[PDB]
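Below you'll find only one chain, the form deposited in one PDB entry, shown as structure tokens.
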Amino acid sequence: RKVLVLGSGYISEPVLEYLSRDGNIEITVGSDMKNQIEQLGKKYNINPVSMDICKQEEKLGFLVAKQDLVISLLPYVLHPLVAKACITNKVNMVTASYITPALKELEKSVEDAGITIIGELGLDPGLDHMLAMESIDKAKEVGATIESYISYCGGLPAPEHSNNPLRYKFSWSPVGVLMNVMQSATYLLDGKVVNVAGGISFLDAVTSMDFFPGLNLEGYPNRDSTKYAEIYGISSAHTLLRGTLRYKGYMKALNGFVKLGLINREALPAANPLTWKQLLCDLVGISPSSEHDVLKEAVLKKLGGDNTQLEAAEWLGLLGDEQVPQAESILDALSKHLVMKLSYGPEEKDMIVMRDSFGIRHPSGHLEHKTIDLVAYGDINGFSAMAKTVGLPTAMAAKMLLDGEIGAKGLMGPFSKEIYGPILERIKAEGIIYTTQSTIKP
């Protein structure tokens, strides 16, 4: 009846809410942010502690030893430090993020210590693993094999808040999503490995997504889908694809930012402070002059007469006299500015959409086409759909370890029926429902 929550950020609130329901558990919180933990301590009954992880490893060892379990909501680079302290004191751990190559090396030490460390919980990774292995295990129960697996996913505003140039509102820092456009995408399709080129030409891979006629969606592939054959155990499959969902026009607007030279890690140009109008003059080539002058230069740079991309920049105030926020690069300067202009208000709803699609070959010979829809909306006077889908799987898994339901030991994901079965059933009560459909056509 004692837990440590390392991290006082976005995901912490729904985790603290779920754990402090019965009343028996005693929650401790450790963080860098002094302002966050005070505001967080007002809402929920917790023991506040202030500490850095990589500098104050001495007190972490003593603090972890007092607890029954340790929940890590920190950046994924810092998990080996938290994992090392857990194996020494013989305490269980749960994580809401990737099991990195660095964390994988400890697996021998974690098994010898005789403790449980559950990684890759949340939305992605997390629910995508659980929904996949539910259907795959159901197929293997009747001797069937997987031929295809297509999975698109996506967090975005509720339709009523989609009227802006990007059709988007940022939950956290845009640096991650903006840099994904420059990266490559790899997947398997009808036997052949397909490579997609990132950067300026990545817009060519964007396709229309019409499974909901009322919802105007687009889609494109993720970083890597070929690694999931080994993870789920479906190397017999001829198709393996994972994608992302957005409203139509999103990627064309980001394509406009790539043309102008805003998506890079070069430093900002050096009496009077720098403005956005002045920054775009430097990028195009002209001197800091009139607003109508740089307008003619900007539209010339943005392909032909692409007024849509020009008006998108004009709307955000990129051809304007506002001050550029201080940052270590041009990309970071844009990211801070987008958080200012396109963030969620107090009463505005977010939304999660997910679409799985399986091609199952039964031993009879026929082909089953199975599809799963998961949809969830944010609450007005409550938690967001993104906060719930990332927070609740990690929180539910922690309660299962304390109550003693998960018997397995070592380092692992949520791939076993012991883990995913109980979690998928409990998220229905929290307002995360998923429907299933199935048809046959050899």
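Residue positions are given as counts along the sequence shown, with the first one as 1.
The following text describes the form solved in complex with a small molecule, which does not appear among the structures shown.
For the small molecule in the entry with it bound, the listed stretch (305-313, 196-204, 326-334, 124-132) containing residues with heavy atoms inside 4.5 Å is 124-132. With the partner omitted here, the residue from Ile136, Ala298, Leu74, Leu254 that has a non-hydrogen atom within 4.5 angstroms of the small molecule in the entry with it bound is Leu74. Distance criterion of 4.5 Å from any heavy atom to the small molecule in the entry with it bound singles out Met33 from the list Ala65, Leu402, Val375, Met33.
Remark: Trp172 counts among the residues lining the small molecule in the entry with it bound, judged by a heavy atom distance of 4.5 Å or less. Within this chain, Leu78 lines the site of the small molecule in the entry with it bound, having a heavy atom no more than 4.5 Å away.
Not displayed here, the small molecule is kept clear of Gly431 by more than 4.5 Å at the level of heavy atoms in the entry with it bound.
Although the partner is absent from this view, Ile380 stays clear of the small molecule in the entry with it bound, with no non-hydrogen atom inside 4.5 angstroms.
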